[PDB]
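Below, in structure tokens: the form solved without the RNA, a single chain.
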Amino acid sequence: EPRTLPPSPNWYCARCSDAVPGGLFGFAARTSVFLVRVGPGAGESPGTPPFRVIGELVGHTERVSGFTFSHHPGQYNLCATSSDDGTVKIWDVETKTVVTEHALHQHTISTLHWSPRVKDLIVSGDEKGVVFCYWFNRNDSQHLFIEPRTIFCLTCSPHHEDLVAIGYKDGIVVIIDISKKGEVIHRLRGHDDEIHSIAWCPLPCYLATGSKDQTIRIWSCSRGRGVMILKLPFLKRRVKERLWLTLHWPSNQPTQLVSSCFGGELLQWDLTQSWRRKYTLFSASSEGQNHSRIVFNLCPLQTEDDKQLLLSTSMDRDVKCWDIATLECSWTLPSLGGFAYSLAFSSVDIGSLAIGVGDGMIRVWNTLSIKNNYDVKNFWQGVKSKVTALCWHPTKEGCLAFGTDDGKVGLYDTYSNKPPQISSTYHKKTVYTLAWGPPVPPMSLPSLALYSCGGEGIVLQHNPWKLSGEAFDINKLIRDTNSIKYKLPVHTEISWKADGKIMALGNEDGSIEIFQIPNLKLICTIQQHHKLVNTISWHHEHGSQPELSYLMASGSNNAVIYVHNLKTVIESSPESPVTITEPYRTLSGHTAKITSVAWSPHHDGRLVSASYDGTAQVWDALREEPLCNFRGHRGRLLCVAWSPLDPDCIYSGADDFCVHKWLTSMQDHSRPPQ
């Protein structure tokens, strides 16, 4: 399996993640459940954090709203999910397949719980207050209804196999007996708002409830009354955001109770110090290890080497693992909240990978961290909208160019906390391409200019030193230099040659026009593609044969990839432009549009391509031979990038909300699926 940057855990679900001893962690994300092996079984270096994304539960067609592991010894491999598609599925995580399922619910399911006491019991509840009890082994059921209120959470008793606690949207908490046709045994009034979490005392009774009303309440089953009220402290920061108050009652420390707080802070409440309402802040000493937005779920995981771990899911899109013994953050697994549109490695900071995501946050992945496989920085300043284009500055470290789907073009400094400069001139459509190169008139009359291409077909030339100034339409220069009466084509791609002496423009009609410095004289037009040009890449200038740097790969809405050698036509320097209609090489194999191509900086004529067919293909372009096909993604690939340091390592991003880091040598398939 490849190293994976997963989709964000789902929000506002009382229980859409869970863990089992060993062990294995699973979290709902969009329509799937992603499994994470944690501990010795993850197979990681003694330095790097002991975890790894190993699998995915695929089958649901709508949002997964609930997830629960079977905590019965021997059946830690069984789990259950709930979905907005109306179904409850039982899974086998070792085969990622569905054992059995049901669709008994007639309304949108809220959550579900695997009974801690009965091997095959799974209780679920929907937003009309309907509860189904499901025994999957003998395929039995029990339609129940308690109160005409929206169910938010439910938790089976770990001690009594017939007791189930249910929390509602209005603050009502009930404990029912499922053997007595769902009779309300206790009715707990006190909360004024949504119940988010319900935890029973691990010792055989007491139970704790967490609510949006900022209070935690401990109740006694004997008296059916509340014995303790814990209100959240108004702590200091370390934006209108509502609270989510979830709980964990550690079986090791029955006198302690873990909860979330404002801003995603985690708290450990000492219940013996009742009147003192004494708590301890998680990672109280260290800064920046804590979540920055609210926490939704908490899952206890004891590893095989007896480590007490706690996993948290958050709105800040991080998944964190805490050591309960120290209350410190062991590690962090970042996640994506949208499409992975662009990938770009810096030529200055060689291992620095920038990721353009559809949730309005730029990720910078330090792929060279020895102690951390997921060293990822977030940048949300002045972005908001989807980042659809990225390009590092070629010489200035920490300077990143970015473009958004609403036509914005910006300059972000990642070494500092300076707000990004936003260009005044913007495109009427999505910025699909950015490129650095030598400034052309009128700008040249800065060392490098930032070029941006938008969906409307305009390519703007930006000034780095004066971003708020006026960006120039290069069509105004092309029209004059090459003397063109009729209108110019819709540009869809821009790619500079390595020497900065040649700029290539791809168009909606499928043609690629070849211009040259300093006035963009049209010396060549490639008529090969008959559909919109998506991507163009020039070969690097440090191959065995320096004549390789005249090779140009291109991808369009057709599945066929073309390579064109431009040694002759460029070195001939024709005053009359030349039309080329023959490919120097041809790469067939993909079955859908090509979104991205890139040359390996480690080899000669080795190309990687990203396609809507759901795969990435590695070619030996010179011999037109497919080498390996990566099929890890479940969606359509939007971008691909070669590791600058490892010749065997490639990164890819798709609309499945995933970035995969994979090895060419580990791929069994050689060509795309047919």
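Between two forms, the rigid core is defined as the largest C-alpha subset superposing within 1.5 Å. From 1 onward, residues are counted along the sequence shown.
Superposition on the core shows that, in 4 other deposited structures of this protein, the C-alpha atoms drift more in one of 430 to 438 and 545 to 553; this is 545 to 553. Rigid core fits of the other structures in 4 other deposited structures of this protein place the C-alpha atoms of one stretch farther away on average; of 182 to 190 and 489 to 497, that stretch is 182 to 190. Note: missing coordinates for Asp604 occur in none of the other compared entries bracketing this position, so the one-third threshold is not reached. Coordinates for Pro446 are absent from at least a third of the other compared entries of this protein that model residues on both sides of it.
Going from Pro204 to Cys205, you skip over 10 or more residues of the deposited sequence that the entry leaves unmodelled.
According to the entry, the deposited sequence runs straight from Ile350 to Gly351 with no unmodelled residues in between. Stretches compared: 308 to 316, 138 to 146. Higher mean C-alpha B-factor in the entry: 138 to 146.
The question of which stretch, 215 to 223 or 293 to 301, has the higher mean Cα B factor is settled in favour of 215 to 223. Of the residues listed, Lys231, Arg479, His107, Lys169, the entry assigns the biggest Cα temperature factor to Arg479. Comparing the listed residues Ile594, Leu333, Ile514, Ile195, the entry records the largest Cα B-factor for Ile514.
Sorting the modelled residues of the chain by their CA temperature factor places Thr209 in the lowest third. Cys156: CA B factor in the lowest third of modelled residues in this chain (values from the PDB entry). In the deposited entry, the Cα temperature factor of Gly469 places it in the highest third of its chain's modelled residues. In the deposited entry, the Cα temperature factor of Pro420 places it in the highest third of its chain's modelled residues. Ranked within its chain, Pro439 lands in the highest third, by CA B factor from the PDB record.
The same protein has a further form, the form deposited with the RNA bound, not shown here; the description that follows concerns it.
The closest heavy atom approach of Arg631 to the RNA in the deposited bound form falls outside 4.5 Å.
Shown alone here, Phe339 lies within 4.5 Å of the RNA in the deposited bound form, counting heavy atoms only. Put simply, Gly589 is far from the RNA in the deposited bound form: not one heavy atom of it is within 4.5 Å. Among residues of the shown chain, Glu513 is not one whose heavy atoms approach the RNA to within 4.5 Å in the deposited bound form.
Of the candidate stretches 339 to 347, 274 to 282, 172 to 180, 86 to 94, only 339 to 347 contains residues with a heavy atom within 4.5 Å of the RNA in the deposited bound form. Checking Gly358, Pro420, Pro334, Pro439 for any heavy atom within 4.5 Å of the RNA in the deposited bound form turns up a single hit: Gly358. Among the residues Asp120, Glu265, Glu194, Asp126, the one placing a heavy atom within 4.5 Å of the RNA in the deposited bound form is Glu194. In the deposited bound form, the RNA lies within 4.5 angstroms of a heavy atom of only one residue of 24 to 44, namely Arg30.
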